Amino acid sequence: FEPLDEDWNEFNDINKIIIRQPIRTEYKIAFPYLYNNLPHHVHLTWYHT
Amino acid sequence: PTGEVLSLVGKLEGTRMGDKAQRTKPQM
Amino acid sequence: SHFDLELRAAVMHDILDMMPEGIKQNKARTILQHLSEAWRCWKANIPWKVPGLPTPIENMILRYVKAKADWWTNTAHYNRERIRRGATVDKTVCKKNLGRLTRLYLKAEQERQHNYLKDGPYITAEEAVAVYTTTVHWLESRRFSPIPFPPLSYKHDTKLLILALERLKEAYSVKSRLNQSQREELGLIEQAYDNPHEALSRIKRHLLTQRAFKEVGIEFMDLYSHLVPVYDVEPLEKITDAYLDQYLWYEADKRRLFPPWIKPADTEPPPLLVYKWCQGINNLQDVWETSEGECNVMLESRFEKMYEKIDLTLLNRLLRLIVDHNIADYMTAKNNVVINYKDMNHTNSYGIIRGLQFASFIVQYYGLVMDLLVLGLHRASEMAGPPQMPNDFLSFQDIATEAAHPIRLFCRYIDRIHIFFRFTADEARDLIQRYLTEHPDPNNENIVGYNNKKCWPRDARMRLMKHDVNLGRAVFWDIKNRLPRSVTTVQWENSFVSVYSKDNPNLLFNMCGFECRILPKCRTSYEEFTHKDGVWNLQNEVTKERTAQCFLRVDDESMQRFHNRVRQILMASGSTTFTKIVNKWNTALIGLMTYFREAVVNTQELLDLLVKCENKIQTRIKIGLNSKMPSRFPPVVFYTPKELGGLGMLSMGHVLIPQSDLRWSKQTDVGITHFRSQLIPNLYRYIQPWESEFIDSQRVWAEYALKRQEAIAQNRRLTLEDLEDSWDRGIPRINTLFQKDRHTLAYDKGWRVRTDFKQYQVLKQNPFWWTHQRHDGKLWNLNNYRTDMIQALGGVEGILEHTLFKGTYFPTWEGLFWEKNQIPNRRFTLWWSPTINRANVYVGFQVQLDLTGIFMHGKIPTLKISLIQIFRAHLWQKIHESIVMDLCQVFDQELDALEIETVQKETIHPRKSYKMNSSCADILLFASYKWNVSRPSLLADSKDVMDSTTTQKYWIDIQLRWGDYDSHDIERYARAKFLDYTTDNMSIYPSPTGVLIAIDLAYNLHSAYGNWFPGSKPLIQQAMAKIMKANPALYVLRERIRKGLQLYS
Amino acid sequence: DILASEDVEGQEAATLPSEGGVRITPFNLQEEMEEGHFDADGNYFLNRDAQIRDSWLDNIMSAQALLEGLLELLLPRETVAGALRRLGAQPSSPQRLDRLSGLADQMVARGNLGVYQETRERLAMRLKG
């Protein structure tokens, strides 16, 4: 789909972040509030049957 | 090749800037 | 605009419907007169008041004026917002919008001057005493001797008056047609040339006596981003102001008034300023070592409203220290004069008139007073050094006074300051504590609001760690405290502070349009050394090893101003010639490239923008030729130089010349010979980079110094023999020594800042503001570009096949000339008709003109209006009948040698000369007894084997052609028409054995294909040679083409 | 400024529109002055009023005898449409159904609308009047 620029900080310092496993898109889609900044119009997916 | 001038991004590998630039002789 | 008219109609209905009929019959022709006069008096800022008017109808008039004023103001702001963003609009909209915003700015200026007259002086007495005693202590510390008044004969007044009159006549040399007020100015300047001593007496009398001045006119230069004023001064005062300007700069350069940090100087272009600033950042004592927590700070800022906030009385008091007091009174008296715009008059009392001649001194001295406030007296004395031995730019006395203070590099361009600090750990902690004492930050809010440079990548720009942000806020606070806000004001939103620390591996600044990023060698990876353009390699002065790299980019404002210049070029009307548009593009492209030489290659967005603007410029000509969009279009229409009839367009892009467009052909006595001769050469390769230019400059001037030192001791004058090794090299150019005006140009000091401040005096824009050719020399060479452009298009013979040249029957090109800078559109279209009117340019649609055999691909009215004029009055049929009758008179004589018994001219139908579906025979020969015929072969074919098919009747047909660049091969055309017309059920030929002769008019070619009886082929070759050399109808066609193209010899 | 028809020096006739499938340009500047106009320097400007934009165009028996026949084909107290239903109930009598439909169409085409809901006595009074 078509879409519906961040400086460095103390917060997003990559010397503090432990890179162990690469975070993918479906991680940000399954748990949309843990891995996402500005989650404006997301929907909570069905967990399990 | 329907006209269409192209960009120079990436299309310079062996071309420098000072190359093929010549200077004039003193007139008379 | 109809909604405002309906609103006015509603207001007039609400006025007139209330009053009864005896007043309806009166106020319909009473209110409507002064109703426009009230709006006119509002627009001219005149207070509207008339006696004999009732008060509720007066309030109705005021409500009407207020509502229309709100509508008009919002309309003007919306029209400026439309054209600022780049939306296309008519030119008259911008022309009216400039006047609307001119009147609004005049109403704002007349309001703020009356506010200054009402509220009193905004400066206190104590700050004035502080800056006055500061200037007194500085000028007494340097032993400055004041500039004296030139008494009677300074013996340099003549040369200074010559320089002033040359700078006055420099503007009017563009066009040869002027107005009467300009002719009066040129007459006054010529009378000043004729009698110099009377002019000097008038200047000195106006200096010692005159204090009242005529009104100064104001106009605005229409930039799409930012309006800028241009001032118009009376010429009699302007001569005196120019002489005062010259004398003040020449005296201030000799007395050493200005410290070497004040920029621009006369010895450096601004990229050399950037290069020397980078070298000064590199060559400090241990500048990149951060093992103990040191920091580097780079402040860049601009003095806000420096031109408008100069009080004139304070200016006079500060100006009486350096010159004679009558001179200071004359410099203050010119600033207090009435400014006029066409209806609006207002006096000036606060802020200087920036468009004066001598005003270039006033900004540079007053800003010197800022350096005593920012830099401090002790540090300025350590930077400038003693008066008997001054320091160089970015140089100190010793290393101890270099490292004794954190403020250790300083530079001031006209109103932009650049300061470079070196802090230790404890000094940075103390400065952050002094900042946080008065301004606490409990929520860490000083990150939001930090100006940063988005053009670089994320790891390349400044990393916003909290200590470095607090140090930057503390630096800007410490600088802002030193300036009284009534005198000058700096702002955080217009400033930038870069910090180099342990957490920040690189340093950033913006100066002279360059975005510079400095990155040390020891903060990055290994040696690898891949050479890139726009990458300056920084080395130390002592050990001469590599220490850092400097990365160059073009800032956003330069690219936006260039794109606004392209949008100004695309505002050309329909009557504008193509050559004017191409010349404006060439001027803008040289003014971009020759200033941003090494940095255009590094930035990619500018390289996309250049190609996008170049395609829009070419599309502007493509739509101008024909309404329908062409599928292809040759670049040789554009990139051909103007000598050969082209446009001479400069190239920044990747354009490849397609194959089978570099072929050409030529017909001579042995037959038709074909010949075959790639990328268009670019501009950036033909310009020297700045780094090699500065190294070579230093090298050639060191060699000139050694040769001059050797030539003095040998009693030898240097000539052209010893300096012919280093002509064109270095900056200034060595070529500037060998010039006629040495003693004249040697008295011109401070020319670069005057050339920069010409923008407030001349209405036209000024590319190359940063240079002057008589002082720097010429800084680029483009003869190699035109040479490689002619060579790259396949040579002159390869170019001239597109150009309808061989229809003119000139034997060479070298003796030819064009009738006289600019070529019209009709001549350009008729010249390049063989390469525009092709099958592969306008695909599919083709028609035929009525009385000719010309195929028009698409429809072109600008070429139709010329092809009607060339081929008027049945010239096609007359040429056909003339060729037929001349060939009939050829076949009439020499009768017994071919055994001809009867030659017969066929009855030619008057539509046969231009119909192309079928044909008919034209000349019929009867054999006496019998004729042996050969196989169908070409005109130049000599391998003929004749058959036993003896025939009696022979037929000769004549065909005409008007070809194009790809289809003009007359041999295959004649062969195809012979094999078509002898093998079809529509054409009529009385004999199976014959020949077809084809003549192409657009290139003047001729061939023949068909059967041959003995003795016929050399006779027909010599006959067609004689016809193509000596046909009078072809001569009429050729002289009409030479009359239409305006090409003579 | 604009060029007139006298500043062309040599317009001629417009004899044939086409030959051999190739369209012939009429050698005069009449249609170009109809579509647009010229300046003094010979450039051409085109009018641009083509609102609809037309995407195909850019690239190319007496009535008393009828009443007597209907009174022949109707039984009393019955409408014409009911007689159509009865004769069509292959139908029983295709020929008389076809004749009744023909008389109905010949009465509709003469301006009499709604002849299907017409009884026998009303048509008899129409023939009487």
# chains A, B, ... in the order shown; residues from 1 in each chain; ligands from 1
>>> interface_residues(of="chain A", to="chain C", cutoff="12 Å", atoms="only C-alpha atoms", output="list in words")
residues 5, 6, 7, 8, 9, 10, 11, 12, 13, 14 and 15 of chain A
>>> write_last_selection(atoms="N, CA, C and O atoms", output="PDB file, in the first residue's frame")
ATOM      1  N   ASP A   5      13.720  10.028   9.023  1.00  0.00           N
ATOM      2  CA  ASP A   5      13.688  11.437   9.388  1.00  0.00           C
ATOM      3  C   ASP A   5      13.595  11.550  10.908  1.00  0.00           C
ATOM      4  O   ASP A   5      12.671  12.156  11.454  1.00  0.00           O
ATOM      5  N   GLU A   6      14.551  10.930  11.593  1.00  0.00           N
ATOM      6  CA  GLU A   6      14.638  10.975  13.046  1.00  0.00           C
ATOM      7  C   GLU A   6      16.089  11.188  13.440  1.00  0.00           C
ATOM      8  O   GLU A   6      16.974  10.464  12.974  1.00  0.00           O
ATOM      9  N   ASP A   7      16.329  12.176  14.294  1.00  0.00           N
ATOM     10  CA  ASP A   7      17.678  12.454  14.753  1.00  0.00           C
ATOM     11  C   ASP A   7      18.132  11.422  15.775  1.00  0.00           C
ATOM     12  O   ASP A   7      17.341  10.625  16.284  1.00  0.00           O
ATOM     13  N   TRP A   8      19.427  11.450  16.062  1.00  0.00           N
ATOM     14  CA  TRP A   8      20.007  10.647  17.127  1.00  0.00           C
ATOM     15  C   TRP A   8      19.532  11.180  18.473  1.00  0.00           C
ATOM     16  O   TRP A   8      19.227  12.370  18.599  1.00  0.00           O
ATOM     17  N   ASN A   9      19.449  10.315  19.475  1.00  0.00           N
ATOM     18  CA  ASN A   9      19.056  10.730  20.816  1.00  0.00           C
ATOM     19  C   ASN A   9      19.861   9.973  21.866  1.00  0.00           C
ATOM     20  O   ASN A   9      20.741   9.167  21.555  1.00  0.00           O
ATOM     21  N   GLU A  10      19.549  10.252  23.135  1.00  0.00           N
ATOM     22  CA  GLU A  10      19.943   9.346  24.207  1.00  0.00           C
ATOM     23  C   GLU A  10      19.153   8.049  24.139  1.00  0.00           C
ATOM     24  O   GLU A  10      19.638   6.999  24.573  1.00  0.00           O
ATOM     25  N   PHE A  11      17.940   8.113  23.593  1.00  0.00           N
ATOM     26  CA  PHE A  11      17.005   6.996  23.621  1.00  0.00           C
ATOM     27  C   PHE A  11      17.376   5.929  22.598  1.00  0.00           C
ATOM     28  O   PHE A  11      17.533   4.754  22.946  1.00  0.00           O
ATOM     29  N   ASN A  12      17.544   6.318  21.337  1.00  0.00           N
ATOM     30  CA  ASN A  12      17.807   5.364  20.267  1.00  0.00           C
ATOM     31  C   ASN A  12      19.297   5.150  20.000  1.00  0.00           C
ATOM     32  O   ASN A  12      19.673   4.883  18.854  1.00  0.00           O
ATOM     33  N   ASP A  13      20.137   5.276  21.028  1.00  0.00           N
ATOM     34  CA  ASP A  13      21.568   5.007  20.946  1.00  0.00           C
ATOM     35  C   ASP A  13      21.806   3.544  20.591  1.00  0.00           C
ATOM     36  O   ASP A  13      21.332   2.649  21.297  1.00  0.00           O
ATOM     37  N   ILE A  14      22.532   3.285  19.501  1.00  0.00           N
ATOM     38  CA  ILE A  14      22.753   1.907  19.078  1.00  0.00           C
ATOM     39  C   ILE A  14      23.887   1.236  19.834  1.00  0.00           C
ATOM     40  O   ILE A  14      24.060   0.019  19.716  1.00  0.00           O
ATOM     41  N   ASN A  15      24.671   1.995  20.597  1.00  0.00           N
ATOM     42  CA  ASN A  15      25.663   1.401  21.480  1.00  0.00           C
ATOM     43  C   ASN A  15      25.043   0.809  22.737  1.00  0.00           C
ATOM     44  O   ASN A  15      25.710   0.044  23.437  1.00  0.00           O
TER      45      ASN A  15
END
>>> interface_residues(of="chain C", to="chain D", cutoff="6 Å", atoms="only C-alpha atoms", output="number ranges by chain")
C: 847-850, 862, 872
>>> write_last_selection(atoms="N, CA and C atoms", output="mmCIF file, in the first residue's frame")
data_model
loop_
_atom_site.group_PDB
_atom_site.id
_atom_site.type_symbol
_atom_site.label_atom_id
_atom_site.label_comp_id
_atom_site.auth_asym_id
_atom_site.auth_seq_id
_atom_site.Cartn_x
_atom_site.Cartn_y
_atom_site.Cartn_z
ATOM 1 N N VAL C 847 0.663 13.500 -44.112
ATOM 2 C CA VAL C 847 -0.166 14.055 -45.174
ATOM 3 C C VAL C 847 0.749 14.520 -46.297
ATOM 4 N N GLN C 848 0.140 15.009 -47.371
ATOM 5 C CA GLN C 848 0.875 15.523 -48.517
ATOM 6 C C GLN C 848 0.378 16.921 -48.856
ATOM 7 N N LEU C 849 1.310 17.833 -49.127
ATOM 8 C CA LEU C 849 0.947 19.170 -49.579
ATOM 9 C C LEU C 849 0.425 19.076 -51.010
ATOM 10 N N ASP C 850 -0.450 20.013 -51.395
ATOM 11 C CA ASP C 850 -1.230 19.934 -52.629
ATOM 12 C C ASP C 850 -0.368 19.961 -53.886
ATOM 13 N N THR C 862 4.389 26.566 -38.744
ATOM 14 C CA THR C 862 5.573 27.404 -38.893
ATOM 15 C C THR C 862 6.482 26.949 -40.024
ATOM 16 N N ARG C 872 5.619 28.537 -54.073
ATOM 17 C CA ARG C 872 4.435 29.201 -54.598
ATOM 18 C C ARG C 872 4.431 29.170 -56.120
#
>>> residues_around(residues="residue 680 in chain C", least_positions_apart="4", cutoff="9 Å", atoms="only C-alpha atoms", output="VMD selection string")
chain C and resid 639 651 653 to 657 788 to 789 792 to 793
>>> interface_residues(of="chain B", to="chain C", cutoff="6 Å", atoms="only C-alpha atoms", output="MDAnalysis selection string")
chainID B and resid 2:3 5:8 17:18 21
>>> atom_distance(atom1="CA of residue 201 in chain C", atom2="CA of residue 149 in chain C")
13.1 Å
>>> residues_around(residues="residue 329 in chain C", least_positions_apart="3", cutoff="12 Å", atoms="only C-alpha atoms", output="count of residues only")
24
>>> residues_around(residues="range 479-494 of chain C", least_positions_apart="4", cutoff="8 Å", atoms="only C-alpha atoms", output="ChimeraX atom specification")
/C:122-123,127,301-306,309-310,370,373-374,449,451,475
>>> residues_around(residues="range 28-40 of chain A", least_positions_apart="5", cutoff="12 Å", atoms="only C-alpha atoms", output="VMD selection string")
chain A and resid 4 6 12 22 to 23 45 to 48
>>> write_last_selection(atoms="N, CA, C and O atoms", output="short mmCIF file (atom, residue, chain, number, x, y, z; two decimals), in the first residue's frame")
data_model
loop_
_atom_site.label_atom_id
_atom_site.label_comp_id
_atom_site.auth_asym_id
_atom_site.auth_seq_id
_atom_site.Cartn_x
_atom_site.Cartn_y
_atom_site.Cartn_z
N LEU A 4 0.24 5.95 4.59
CA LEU A 4 -0.89 6.67 5.17
C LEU A 4 -0.41 7.88 5.97
O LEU A 4 -0.98 8.97 5.87
N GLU A 6 14.55 10.93 11.59
CA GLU A 6 14.64 10.97 13.05
C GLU A 6 16.09 11.19 13.44
O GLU A 6 16.97 10.46 12.97
N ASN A 12 17.54 6.32 21.34
CA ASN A 12 17.81 5.36 20.27
C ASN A 12 19.30 5.15 20.00
O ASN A 12 19.67 4.88 18.85
N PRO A 22 17.34 -10.19 14.51
CA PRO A 22 16.77 -9.07 13.76
C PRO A 22 15.25 -9.03 13.89
O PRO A 22 14.56 -10.02 13.68
N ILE A 23 14.75 -7.86 14.27
CA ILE A 23 13.32 -7.65 14.46
C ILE A 23 12.67 -7.52 13.08
O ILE A 23 13.13 -6.75 12.23
N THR A 45 -4.95 -8.29 16.84
CA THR A 45 -5.23 -9.52 16.11
C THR A 45 -5.74 -10.60 17.06
O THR A 45 -5.54 -10.54 18.27
N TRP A 46 -6.43 -11.59 16.49
CA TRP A 46 -6.92 -12.71 17.27
C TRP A 46 -5.76 -13.62 17.66
O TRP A 46 -4.90 -13.92 16.83
N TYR A 47 -5.74 -14.05 18.92
CA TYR A 47 -4.52 -14.66 19.45
C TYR A 47 -4.42 -16.13 19.04
O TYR A 47 -3.51 -16.50 18.29
N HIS A 48 -5.34 -16.97 19.51
CA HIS A 48 -5.20 -18.41 19.31
C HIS A 48 -6.54 -19.09 19.52
O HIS A 48 -7.36 -18.65 20.33
#
>>> select_by_dssp(residues="range 191-251 of chain C", states="helix (DSSP H, G or I)", output="PyMOL selection string")
chain C and resi 191-194+196-208+235-251
>>> write_last_selection(atoms="N, CA, C and O atoms", output="CSV table (one decimal), in the first residue's frame")
chain,number,residue,atom,x,y,z
C,191,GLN,N,29.9,64.7,-19.4
C,191,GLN,CA,30.4,66.0,-19.0
C,191,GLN,C,31.4,65.9,-17.9
C,191,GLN,O,32.2,66.8,-17.7
C,192,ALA,N,31.2,64.9,-17.0
C,192,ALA,CA,32.2,64.7,-16.0
C,192,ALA,C,33.5,64.2,-16.6
C,192,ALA,O,34.6,64.5,-16.0
C,193,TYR,N,33.5,63.4,-17.6
C,193,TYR,CA,34.7,63.0,-18.4
C,193,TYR,C,35.3,64.2,-19.0
C,193,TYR,O,36.6,64.3,-19.1
C,194,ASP,N,34.6,65.1,-19.6
C,194,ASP,CA,35.1,66.2,-20.4
C,194,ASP,C,35.9,67.2,-19.5
C,194,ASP,O,37.0,67.7,-20.0
C,196,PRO,N,37.3,67.3,-15.8
C,196,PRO,CA,37.5,66.6,-14.5
C,196,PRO,C,37.6,67.5,-13.3
C,196,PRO,O,37.1,67.2,-12.2
C,197,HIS,N,38.3,68.6,-13.4
C,197,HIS,CA,38.6,69.5,-12.3
C,197,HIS,C,37.3,70.2,-11.8
C,197,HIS,O,37.1,70.4,-10.6
C,198,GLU,N,36.5,70.6,-12.7
C,198,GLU,CA,35.2,71.2,-12.4
C,198,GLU,C,34.3,70.2,-11.7
C,198,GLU,O,33.6,70.5,-10.7
C,199,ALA,N,34.4,68.9,-12.1
C,199,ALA,CA,33.6,67.8,-11.4
C,199,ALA,C,34.1,67.6,-10.0
C,199,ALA,O,33.3,67.4,-9.1
C,200,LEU,N,35.5,67.7,-9.8
C,200,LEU,CA,36.0,67.5,-8.5
C,200,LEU,C,35.7,68.7,-7.6
C,200,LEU,O,35.4,68.5,-6.4
C,201,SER,N,35.6,69.9,-8.2
C,201,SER,CA,35.2,71.0,-7.4
C,201,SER,C,33.7,70.9,-7.0
C,201,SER,O,33.3,71.3,-5.9
C,202,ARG,N,32.9,70.4,-7.9
C,202,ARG,CA,31.5,70.2,-7.5
C,202,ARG,C,31.3,69.1,-6.4
C,202,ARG,O,30.5,69.2,-5.5
C,203,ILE,N,32.2,68.1,-6.5
C,203,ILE,CA,32.1,67.0,-5.5
C,203,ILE,C,32.5,67.6,-4.1
C,203,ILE,O,31.8,67.4,-3.1
C,204,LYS,N,33.6,68.3,-4.1
C,204,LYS,CA,34.1,68.9,-2.8
C,204,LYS,C,33.2,70.0,-2.3
C,204,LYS,O,33.0,70.1,-1.1
C,205,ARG,N,32.5,70.7,-3.2
C,205,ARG,CA,31.5,71.7,-2.7
C,205,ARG,C,30.3,71.0,-2.2
C,205,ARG,O,29.7,71.5,-1.2
C,206,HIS,N,29.8,69.9,-2.8
C,206,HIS,CA,28.7,69.1,-2.2
C,206,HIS,C,29.1,68.5,-0.9
C,206,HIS,O,28.2,68.2,-0.1
C,207,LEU,N,30.3,68.1,-0.8
C,207,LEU,CA,30.8,67.5,0.5
C,207,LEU,C,30.8,68.6,1.6
C,207,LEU,O,30.3,68.3,2.7
C,208,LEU,N,31.4,69.8,1.3
C,208,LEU,CA,31.5,70.8,2.4
C,208,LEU,C,30.2,71.6,2.6
C,208,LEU,O,30.1,72.2,3.7
C,235,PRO,N,21.6,61.3,-10.2
C,235,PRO,CA,23.0,61.0,-10.7
C,235,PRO,C,24.0,62.1,-10.3
C,235,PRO,O,25.2,61.7,-10.1
C,236,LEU,N,23.6,63.3,-10.1
C,236,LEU,CA,24.5,64.4,-9.6
C,236,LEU,C,25.0,64.1,-8.2
C,236,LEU,O,26.2,64.4,-7.9
C,237,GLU,N,24.2,63.5,-7.4
C,237,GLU,CA,24.6,63.1,-6.1
C,237,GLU,C,25.3,61.8,-6.1
C,237,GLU,O,26.2,61.5,-5.3
C,238,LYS,N,25.0,61.0,-7.2
C,238,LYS,CA,25.5,59.6,-7.3
C,238,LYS,C,27.0,59.6,-7.6
C,238,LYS,O,27.8,58.8,-7.2
C,239,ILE,N,27.4,60.6,-8.4
C,239,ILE,CA,28.8,60.8,-8.8
C,239,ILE,C,29.7,61.1,-7.5
C,239,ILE,O,30.7,60.5,-7.3
C,240,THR,N,29.2,62.0,-6.7
C,240,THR,CA,29.8,62.4,-5.4
C,240,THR,C,29.9,61.2,-4.5
C,240,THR,O,30.9,61.0,-3.8
C,241,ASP,N,28.8,60.4,-4.4
C,241,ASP,CA,28.8,59.3,-3.5
C,241,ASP,C,29.7,58.2,-4.0
C,241,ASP,O,30.4,57.6,-3.2
C,242,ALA,N,29.9,58.0,-5.3
C,242,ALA,CA,30.8,57.0,-5.8
C,242,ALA,C,32.3,57.4,-5.6
C,242,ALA,O,33.1,56.6,-5.2
C,243,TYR,N,32.6,58.7,-5.8
C,243,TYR,CA,33.9,59.2,-5.5
C,243,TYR,C,34.2,59.1,-4.0
C,243,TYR,O,35.4,58.7,-3.6
C,244,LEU,N,33.2,59.4,-3.1
C,244,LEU,CA,33.4,59.2,-1.7
C,244,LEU,C,33.7,57.7,-1.3
C,244,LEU,O,34.5,57.4,-0.5
C,245,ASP,N,32.9,56.8,-2.0
C,245,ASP,CA,33.1,55.4,-1.8
C,245,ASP,C,34.5,54.9,-2.1
C,245,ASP,O,35.2,54.2,-1.3
C,246,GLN,N,35.0,55.4,-3.3
C,246,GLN,CA,36.4,55.0,-3.8
C,246,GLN,C,37.4,55.6,-2.8
C,246,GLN,O,38.4,54.8,-2.5
C,247,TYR,N,37.3,56.8,-2.4
C,247,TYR,CA,38.3,57.5,-1.6
C,247,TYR,C,38.3,56.8,-0.2
C,247,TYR,O,39.4,56.6,0.4
C,248,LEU,N,37.1,56.5,0.4
C,248,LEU,CA,37.1,55.9,1.7
C,248,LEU,C,37.7,54.5,1.7
C,248,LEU,O,38.4,54.2,2.6
C,249,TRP,N,37.4,53.7,0.7
C,249,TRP,CA,38.0,52.3,0.7
C,249,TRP,C,39.5,52.4,0.4
C,249,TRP,O,40.3,51.7,1.0
C,250,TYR,N,40.0,53.3,-0.5
C,250,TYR,CA,41.4,53.4,-0.7
C,250,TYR,C,42.2,54.0,0.5
C,250,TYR,O,43.3,53.6,0.7
C,251,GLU,N,41.6,54.9,1.3
C,251,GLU,CA,42.2,55.3,2.5
C,251,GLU,C,42.2,54.3,3.6
C,251,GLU,O,43.2,54.1,4.3
>>> select_by_dssp(residues="range 826-948 of chain C", states="strand (DSSP E or B)", output="ChimeraX atom specification")
/C:846-849,855-857,900-905,920,923-931,934,937-938,946
>>> residues_around(residues="range 73-76 of chain C", least_positions_apart="6", cutoff="12 Å", atoms="only C-alpha atoms", output="ChimeraX atom specification")
/C:1,4,43,65-67,82-83,93-105
>>> write_last_selection(atoms="C-alpha atoms", output="PDB file, in the first residue's frame")
ATOM      1  CA  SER C   1     -12.597  38.357  -8.793  1.00  0.00           C
ATOM      2  CA  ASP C   4     -15.639  40.743  -4.854  1.00  0.00           C
ATOM      3  CA  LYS C  43      -4.123  52.234  -1.295  1.00  0.00           C
ATOM      4  CA  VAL C  65     -12.792  49.885   2.728  1.00  0.00           C
ATOM      5  CA  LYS C  66     -11.906  47.576   5.634  1.00  0.00           C
ATOM      6  CA  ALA C  67     -13.621  44.526   4.108  1.00  0.00           C
ATOM      7  CA  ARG C  82       0.973  30.086  -4.822  1.00  0.00           C
ATOM      8  CA  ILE C  83       4.117  31.310  -6.574  1.00  0.00           C
ATOM      9  CA  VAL C  93      -0.346  37.913 -11.774  1.00  0.00           C
ATOM     10  CA  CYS C  94       3.232  38.081 -10.458  1.00  0.00           C
ATOM     11  CA  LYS C  95       3.617  41.609 -11.851  1.00  0.00           C
ATOM     12  CA  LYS C  96       0.543  42.809  -9.939  1.00  0.00           C
ATOM     13  CA  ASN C  97       1.462  40.787  -6.825  1.00  0.00           C
ATOM     14  CA  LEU C  98       4.882  42.463  -6.676  1.00  0.00           C
ATOM     15  CA  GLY C  99       3.170  45.859  -6.604  1.00  0.00           C
ATOM     16  CA  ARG C 100       0.643  44.733  -3.977  1.00  0.00           C
ATOM     17  CA  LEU C 101       3.363  43.443  -1.645  1.00  0.00           C
ATOM     18  CA  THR C 102       5.462  46.527  -2.429  1.00  0.00           C
ATOM     19  CA  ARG C 103       2.623  48.736  -1.178  1.00  0.00           C
ATOM     20  CA  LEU C 104       2.156  46.507   1.888  1.00  0.00           C
ATOM     21  CA  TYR C 105       5.862  46.685   2.773  1.00  0.00           C
TER      22      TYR C 105
END
>>> atom_distance(atom1="CA of residue 37 in chain C", atom2="CA of residue 339 in chain C")
23.4 Å
